[PDB]
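Summary of the model geometry
Each chain, written out:
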Amino acid sequence: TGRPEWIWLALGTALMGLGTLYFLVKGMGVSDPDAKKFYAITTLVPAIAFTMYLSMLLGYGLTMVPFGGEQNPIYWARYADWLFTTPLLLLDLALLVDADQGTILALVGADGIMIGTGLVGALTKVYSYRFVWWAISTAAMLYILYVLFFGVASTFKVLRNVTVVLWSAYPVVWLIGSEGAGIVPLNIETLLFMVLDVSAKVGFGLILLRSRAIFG
Amino acid sequence: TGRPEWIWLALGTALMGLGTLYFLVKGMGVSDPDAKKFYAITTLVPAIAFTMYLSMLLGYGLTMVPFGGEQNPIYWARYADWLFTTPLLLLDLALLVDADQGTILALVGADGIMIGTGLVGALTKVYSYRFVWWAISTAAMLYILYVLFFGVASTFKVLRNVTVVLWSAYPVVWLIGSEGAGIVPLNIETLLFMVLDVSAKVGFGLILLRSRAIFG
Amino acid sequence: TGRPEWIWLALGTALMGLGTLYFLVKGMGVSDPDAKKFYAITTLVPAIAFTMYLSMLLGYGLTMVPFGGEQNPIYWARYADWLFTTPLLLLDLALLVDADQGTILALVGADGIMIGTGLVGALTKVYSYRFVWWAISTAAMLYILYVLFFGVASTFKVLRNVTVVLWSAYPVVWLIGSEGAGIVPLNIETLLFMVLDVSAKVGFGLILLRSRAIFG
Ligand SMILES: *C\C=C(C)/C=C/C=C(C)/C=C/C1=C(C)CCCC1(C)C
Ligand SMILES: *C\C=C(C)/C=C/C=C(C)/C=C/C1=C(C)CCCC1(C)C
Ligand SMILES: *C\C=C(C)/C=C/C=C(C)/C=C/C1=C(C)CCCC1(C)C
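Attention here is on the structure that accompanies the text.

Another aspect to go through is the packing of aromatic side chains. Following the criterion strictly, the structure yields 33 aromatic pairs over all chains and no others. Taking 5.2 Å as the distance between ring centres and 70 degrees as the angle between the ring planes, the aromatic pair formed by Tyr79(B) and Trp82(B) counts as edge-to-face. Of this pair, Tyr79(B) and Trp82(B) both sit in helix α3 (residues 76-97), 3 residues apart, which is roughly one turn of that helix. As far as the burial class goes, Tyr79(B) and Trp82(B) line up, both buried. By the ring-pair criterion, three or more aromatic residues cluster together here, those being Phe67(A), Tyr127(A), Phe131(A) and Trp174(A). If you follow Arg212(C) out to its NZ or CZ, it ends over the ring of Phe215(C), 3.5 Å from the centre.

Right, here's the structure in full:
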């Protein structure tokens, strides 16, 4: 359609949907409560993302934000997506290592500030302030990674580093993309987030559910 | 007032308020933690709905959505209502049959997508796409009913079928009402949702709390 | 800047940030899961508030609401703040006295209606109706205080009365401030909420975390 990035949105929609179907079928039959837990969590994340990519695709999860003298398309549904899926992803790690509740709360808590401040950064009309919110969000992401390292083992370790490399990519792509300094066109900005999202929402899950660590 | 549907909104407000008072008084004295749980859950649901019908009544939870060439009044507060009460209703069943946590999460998870996609459907300006969101929401509702059947007993069974007949009514009324194909005037569309809501928010609760199944 | 209340917003930002840092450092080393719980909860609350005061300061969490024939600046981010921090504050008391789950739910449930109805009151364009929402919110606050009194001991008692005096201040300041009857200028309205917020978000926490009651 009229938006260059549409094919990336259409591809992410498709891959999230297929990933959703795949885990739904994969999950059928699980009777082990613990495994049930990782299956629910892991199936729900691309289901949520599927509906969010579709709203972006259909143009509903998109808005225009004025700044830098320009009218700027902002996909707010990306953040609405992360707002619900990043805490579940952290839930999978939590459950893996059996984190106690104060840690889980701090994690989930830091994550909501991460995405909420980043959504504020996204919608802020004062150009310079957007980077203030990028900074606080990035600070929160770093606390989350800090806990992950200093706050099953082998699978945990695997998903941990996947997480590091994947989650730390989101900050840069924000910065260089159209929501930030405006280094890379929106069209390529959407492509990168799609590739991260699918790796984080489907790839991560394939890696976790194919492991016996999820089993009591 | 100026809106035909006002008397239905005023009636739902009144019935939810009275239902709220009734359970609040009913609940006083409960010392059994488990029963306490069903009382809180069941009292909270019409309290939330009371405030939401009032915002609709007062006109705050109402907006106009353009599509089909027309400006269309949409009661978004209906969805804000279901967003918080449908998961608690599912909580009551969950607690009844002592569902494990992976099931509860999948249930609560599918329910949030159900109402969120249906709210997107409600606010979408592209006529044809609204039905796409109706379809995904309906798909999620069907997963929720699927779990309910394939995922205390007697009371469970009773509330289960009440749930089936009541929840499956919401899809049709969306379709034929003004938010969809536009078969039934808004005025009658509001009347039907009010009747469902009160049966689902008060009737359901009367049935559950009058049972000893809620007792350890 | 152009807004008189800015210095109060800047002061609250600063005090919440410093309070956040202070507990973060204070919390380092805690290994006792229960204590971990009060530390997470208590550190998260001014972190959330920090980001919300900053959005108010920067002007992002501010909007204009028409009523009384005038265009009226409303800091909606104040409510977005309370929406997440008041339930955690109640969590600290809950955990103190080891409230059972039906109580916690009723508490958290009444609190969300409290702030949500008060946010509706804040954004309502019909002058007289704002006070209807003030009334329902106040009713919910009273239920929350009722439970607190009729629904560790010594610390509980201390935080309980702090809570009473602090939380009951918010209703009056709404009433006399610019969001209500318009008795006190916005500039002083913001000052009072800042003083309450910092006492409720930092002061309360200093009092709780300096106690051994948080320890198993
Ligand atoms: C959809 C799955 C995941 C794993 C998404 C993770 C996204 C983030 C870690 C985003 C972080 C951001 C930061 C650190 C600062 C700028 C705003 C963002 C929200 C993009
Ligand atoms: C207030 C109480 C209940 C039991 C409400 C239940 C509502 C639904 C099951 C709504 C479902 C919808 C579907 C399936 C698709 C169109 C949009 C709706 C949200 C109306
Ligand atoms: C930030 C910390 C706390 C302890 C804030 C508490 C705020 C309230 C108790 C607010 C209550 C309100 C009432 C009772 C009615 C009018 C609207 C308010 C939301 C201000």
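What follows picks up the thread again.
Taken as a whole and judged by the stated rule, the model has 12 salt bridges over all chains. Of the charged contacts in the structure, one is a salt bridge between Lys36(C) and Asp100(A), with a shortest N-O distance of 3.1 Å. With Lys36(C) in helix α2 (residues 33-58) and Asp100(A) in the loop between α3 (76-97) and α4 (101-123), this residue pair bridges two chains. Classification of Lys36(C) by relative accessible area gives buried; the value is 19%. Relative accessible area serves as the criterion here: at 23%, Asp100(A) is assigned to the partly exposed category. With a closest N to O distance of 2.7 Å, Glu189(B) and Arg78(B) form a salt bridge.

Every contact between the two is made by 14 residues of chain A and, on the other side, 17 residues of chain B. At the boundary of chain A with chain B, total buried surface from both sides reaches about 1,300 Å², with 81% on carbon and sulfur atoms. The largest per-residue losses of area from chain A upon contact with chain B belong to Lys36(A), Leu58(A) and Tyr60(A), which jointly make up 37% of the total buried on that side. Where chain A packs against chain B, one counts 1 salt bridge. With 12 residues, the single largest contributor to the side of chain A that touches chain B is helix α2 (residues 33-58) of chain A. Broken down by class, the residue content of the side of chain A that touches chain B amounts to 10 nonpolar, 2 polar and 2 charged.

Residues and elements named next belong to chain B. Looking at where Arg3 falls in the secondary structure, it is placed in the segment before α1 (6-27). We note that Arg3 is buried and unpaired, the nearest opposite charge coming from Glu5 at a distance of 4.7 Å. Among the polar contacts made by the side chain of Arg3, one reaches the side chain of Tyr75 at a distance of 2.6 Å. Discounting residues that sit within four places of it in the chain, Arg3 has contacts with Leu9, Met56, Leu57, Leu58, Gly59, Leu62 and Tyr75.

Counting residues at the interface gives 17 residues for chain C and 14 residues for chain B. For the pair chain C and chain B, the two sides together bury roughly 1,300 Å², of which 81% comes from carbon and sulfur. At the boundary of chain C and chain B, one finds 1 salt bridge. By residue number, the principal contributor to the side of chain C that touches chain B is helix α4 (residues 101-123) of chain C, which donates 9 residues. For the side of chain C that touches chain B, the residue count by class is 9 nonpolar, 7 polar and 1 charged.

Moving on: the relation of the copies chain A and chain B. The two copies are related by a screw operation: chain A maps onto chain B through 120 degrees of rotation and 0.0 Å of translation along the axis, at an RMSD of 0.0 Å. Seen this way, the second copy is the image of the first under a three-fold rotation axis.

Cut-offs and rules
- Residues numbered from 1 in each chain as written, not as in the entry; some residues may be left out.
- Chains lettered and ligands numbered in written order.
- Heavy atoms only, no water.
- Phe/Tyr/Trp six-rings, centres within 6.5 Å; stacked < 30°, edge-to-face > 60°.
- Helix = DSSP H or I, 4+ residues; strand = E, 2+ residues; numbered from the N terminus.
- Buried < 20%, exposed > 50% of the residue type's maximum accessible area, 1.4 Å probe, protein only.
- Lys NZ or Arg CZ within 6 Å of the ring centre and 35° of its normal.
- Salt bridge = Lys/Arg side-chain N within 4 Å of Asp/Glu carboxyl O.
- Contact = heavy atoms within 4.5 Å.
- Buried area = accessible area lost by both parts, 1.4 Å probe.
- Nonpolar A, V, L, I, M, F, W, Y, C, P; charged D, E, K, R; others polar.
- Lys, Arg positive; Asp, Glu negative; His and termini not counted.
- Polar contact = N/O pair within 3.5 Å; in protein donor to acceptor, adjacent residues only side chain to side chain.
- Least-squares fit on C-alpha atoms.

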